[PDB]
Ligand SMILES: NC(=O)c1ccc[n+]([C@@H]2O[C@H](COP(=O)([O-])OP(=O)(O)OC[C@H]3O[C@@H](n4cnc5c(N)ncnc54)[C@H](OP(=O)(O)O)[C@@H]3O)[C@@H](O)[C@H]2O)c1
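Encoded as structure tokens, the following chain is the form solved without the ligand, with no partner shown.
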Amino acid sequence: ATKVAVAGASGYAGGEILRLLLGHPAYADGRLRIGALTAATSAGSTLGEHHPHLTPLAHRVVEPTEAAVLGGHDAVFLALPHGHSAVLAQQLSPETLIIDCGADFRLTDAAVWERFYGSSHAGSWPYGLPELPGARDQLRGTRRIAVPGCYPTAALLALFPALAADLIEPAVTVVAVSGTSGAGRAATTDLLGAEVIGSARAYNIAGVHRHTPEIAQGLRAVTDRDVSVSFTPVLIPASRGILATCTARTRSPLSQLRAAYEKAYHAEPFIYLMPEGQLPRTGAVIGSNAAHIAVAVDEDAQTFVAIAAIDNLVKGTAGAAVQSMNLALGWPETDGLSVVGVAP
């Protein structure tokens, strides 16, 4: 038996976390109750005024986000903005499993955080991405976990095998398109429906995006050199989706490179490689926790190309955090998680 609380339940990542558990088999056989659901947002209303899609829970009242609410729970999910969490991972019993979907415990260079986040470094928890090397083992039995930002999870997955095996250079460009949910739920003008419907704008360009030193950081653990990410984000008229287009100059032939992804990805059940001459779509991974990956080489520019489509809310946020919870409790890693999406 394991009791769970979701901090930030009021919104997209949190409510999509509940959604996953309602269909988990632990919940379906008493091994996991759903306890406290919290938010600074409208606390006293019903969860269902926020997520009409989760009706088995529609009757809950949201309590305040407080230590009092969150204690008494073998697992709490934090789904916040940067800054709320570090305060709270101390006011809670360390004997508990903490999962941060926020960034507070994501990076391992303190200077790199201050610069891109304008606050003080709170520490670094294991990365909630098991398909990376080493990340899988440091997760088994862990009781604290940082969940990668959606775009990083996309980038890293397209690019680590080729960097790891020494088949590209570390001067990578990654331009990935996204749905307006992984923008969060804070109602601002720029995220209305009339504004996003029928438009495509990039934002936070030129390496000024907080996920940039993160696609960086991850990339450097698979090689000796430094790295530089030209990282550009594009917000597009969908609710969910992350199609990641990554290039980097290489002088290797494509045959060698198919080997690498086949080699890094033949026992990963969430990662599926396109048969040659196919490509991922973001619509084939919606709902699911699966990343669809393909790779190619442009030779009249000596550039290598990888592509990765995931759900910015499953394998980019809530699925990563649930998958790392399965490793955290040693439960079967692929419980609560399909590979099949809700297309079209």
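Numbering starts at 1 and follows the sequence shown.
Another form exists, deposited with the ligand bound; not displayed. Remarks below refer to it.
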Where the ligand sits in the bound PDB entry, superposed onto the shown form by the site's C-alphas, are 3 or more of its atoms within 2.4 Å of backbone or C-beta (blocked), or none (open)?
-> blocked
The ligand in the bound PDB entry: contacted by all of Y12, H82 and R106, heavy atom 4.5 Å | yes
Contact residue in the bound PDB entry, chosen from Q217, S181, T142, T232 - any heavy atom within 4.5 Å of the ligand = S181
Answer with one of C101, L159, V76, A244: the residue that has a non-hydrogen atom within 4.5 Å of the ligand in the bound PDB entry.
-> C101
Which of these stretches, 300-308, 34-42, 278-286, 53-61, has heavy atoms within 4.5 Å of the ligand in the bound PDB entry?
-> 34-42
Looking in the bound PDB entry, any heavy atom of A111 within 4.5 Å of the ligand?
-> no
Is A154 close enough to the ligand in the bound PDB entry to count, meaning some heavy atom within 4.5 Å?
-> no
Partner proximity in the bound PDB entry: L313 to the ligand, non-hydrogen atom cutoff 4.5 Å = yes
Although the ligand is absent from this view, report whether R185 comes within 4.5 Å of it in the bound PDB entry, heavy atoms only.
-> yes
